[PDB]
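J.: Output the structure for:
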Amino acid sequence: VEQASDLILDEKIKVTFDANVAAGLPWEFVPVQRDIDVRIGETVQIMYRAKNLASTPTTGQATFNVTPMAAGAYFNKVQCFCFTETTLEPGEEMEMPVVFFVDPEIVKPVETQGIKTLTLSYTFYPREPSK
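T.: Numbers count the residues shown, from 1 in each chain. I have put the structure below:
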């Protein structure tokens, strides 16, 4: 419920935020850490910063894959309305909080059965004018 307060058994989930950026998004999209720990629900705060380094505005409606492979399904809050990243003029600092906690239901099916690093491959690469 964008908390977990039952699901939080003291079992450690790792998560590994592979934040990639390419030309298409000429924004200084810094990961906070490459990774986090959550105890399977432990509802953390991890911000992100994207500072625009272009000479004209861009958009930033970037694709993400929230899975090492098997899981994805067991990611809590795979999408929502009001995408954080969006649009910036040539200079400005976007920064936004994120919250992330893996569902312990991951440790149920044969699918995953050991899988517990909900790796978020972010690919910041829509369209660049000329930075």
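J.: helices or strands next to the longest strand belonging to the chain in the packing?
T.: For the chain, the strand that runs over the most residues, judged by DSSP state E, is strand 13-21. The helices and strands touching strand 13-21, judged by 3 or more C-beta pairs under 8 Å, 6 or more residues apart in numbering; DSSP states H and E, are strand 27-30, strand 35-38, strand 120-124. Quick note: C-beta positions are derived from backbone N, CA and C, even for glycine.
J.: ok, and for it, which residues are buried?
T.: For strand 13-21, the neighbour count (16 or more other C-beta atoms under 10 Å) marks 13, 15, 17, 19, 21 as buried.
J.: Please name the bridge partners of the first one.
T.: Note on residue 13: beta-bridge partners by DSSP bridges are residue 38.
J.: isn't it right next to residue 102, touching?
T.: Yes. Using C-beta atoms under 8 Å, residue 13 is in contact with residue 102, at 4.3 Å.
J.: Overlap of the contact sets of the two?
T.: 38, 40, 116, 118 (C-beta atoms under 8 Å, 6 or more residues apart in numbering).
J.: if I read this right, the last one contacts residue 65, doesn't it?
T.: Same thing as residue 118. No. Between residue 118 and residue 65 there is no contact under C-beta under 8 Å: 10.5 Å.
J.: More neighbours: which of those two?
T.: residue 118 (25 against 13; other C-beta atoms under 10 Å).
J.: That one and residue 76: what is the separation?
T.: Residue 118 sits 9 Å away from residue 76, going by C-beta to C-beta, to the nearest Å.
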